[PDB]
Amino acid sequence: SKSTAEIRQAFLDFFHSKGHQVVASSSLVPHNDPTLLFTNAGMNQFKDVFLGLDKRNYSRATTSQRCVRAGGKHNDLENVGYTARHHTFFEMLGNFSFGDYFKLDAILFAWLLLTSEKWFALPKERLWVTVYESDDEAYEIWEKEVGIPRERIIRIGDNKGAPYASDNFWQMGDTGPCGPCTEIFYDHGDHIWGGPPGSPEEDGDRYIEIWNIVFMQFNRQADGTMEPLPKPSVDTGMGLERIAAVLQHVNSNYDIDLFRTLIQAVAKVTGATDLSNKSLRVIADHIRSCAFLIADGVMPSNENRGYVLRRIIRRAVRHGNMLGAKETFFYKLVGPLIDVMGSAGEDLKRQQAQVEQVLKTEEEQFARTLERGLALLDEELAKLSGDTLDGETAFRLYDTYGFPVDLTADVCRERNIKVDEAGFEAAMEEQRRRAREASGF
């Protein structure tokens, strides 16, 4: 079967052969978008094109975009290690139409690449599609133009409990380009738990969302109102890791060639032997987001972007500790990561030594309190009455040991213990008041 690198290239070759300009992945960090924490989709760097504020020499494009979803509008951090399909860092394979072609041709391109004997040749019978409930045009295209049996075309309304809050209406953020969308799912088989989209068991890893095709129609405002874009456009994105899993005949993203090699490296540096332990997958995921974010200019800190990075590094280090890592290990995964990323890791390779030292320094800094903080948390859990750790203890771990609340929550979750987030926030606010009182005017 094709390697991850070959799949990435074949996707780009396909759209290039269809007249799409190949554009390089943008950085994970925008210089000119105050509303965006980290790049979360291929469309981010073309936001102004969709808005009609910018025009390129090309009206159609294709990219393999590095994305991080660990904060802001799209945040999958807490899913990592718990599903076969979620990462913090991942590549989104995309094609874009800037007032060029629209619904029918976007759907046809996607179906062709996926199912043609000349291309990916996926078994058509295992593919399901969803459309926005009110998108009658998309429904008809799938039914009559493509020929998907009706039983595998699923209409999804505003299933997130609010107007335009839906799995089939995609939004870049609270503001920005958005529109109804249609998604293609692959059924991995009845040996995996889960049901199709719209079913009670839809959240399972059996029927996995491979490719989202967005019909960009509006610019959402802060009020929540939808202002139409000047030209209806197309924004698509397919998870490289998810399609690689399908193509390599495995069910989990973590079983693709890229992650198999990376997870082996994690076991090596931590001393772990059980290759099935979820901490190996969490760490393999976390090195990708951490190393690339640093390569793209983020430095660990206690505010904004730097704090998300710090949070992820420390959580990864914590997982390494649980695996029994005896010495500083996280920075040792940069080399192995570069070796599996191909041309998609060129920016990281260019800055290898710098990224390594940043990660080494951060882990060493955290090691000053990690073991001691874990010992305290263990003591507090051993005498804990109930299923919820008190907010005062969470705050103490934060204030004294530099444990982000979500890191503490991660440890507790592994023991079926919750954290009183409200109590933690009340303790934070109490400290803020003390600071205001002492500092004065």
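Don't overthink the numbering: it's just position in the shown sequence, from 1. Only the largest set of C-alpha atoms that superpose within 1.5 Å between the two forms is called the rigid core.
For the pair 282-290 and 221-229, rigid core superposition yields a higher RMS C-alpha distance in 4 other deposited structures of this protein in 221-229. Of the two stretches examined, 308-316 and 197-205, the one with higher mean CA deviation in 4 other deposited structures of this protein after a rigid core fit is 197-205. Across the two stretches, 184-192 and 236-244, the PDB entry reports the greater mean Cα temperature factor for 184-192. When 96-104 is weighed against 344-352, 344-352 comes out higher, by mean CA B-factor as recorded in the entry. For the set 209, 137, 201, 117, the maximum C-alpha B-factor listed in the entry falls on 201. The residue among 310, 360, 288, 278 whose C-alpha atom has the highest B-factor in the PDB entry is 278. When the modelled residues of the chain are ordered by C-alpha B-factor, residue 29 sits in the lowest third.
When the CA B factors of the chain's modelled residues are split into thirds, the value for residue 402 lands in the middle one.
Split the chain's modelled residues into thirds by C-alpha temperature factor. Residue 67 is in the lowest one.
Sort the chain's modelled residues by C-alpha temperature factor and residue 123 lands in the highest third, per the entry. Split the chain's modelled residues into thirds by C-alpha temperature factor. Residue 133 is in the middle one.
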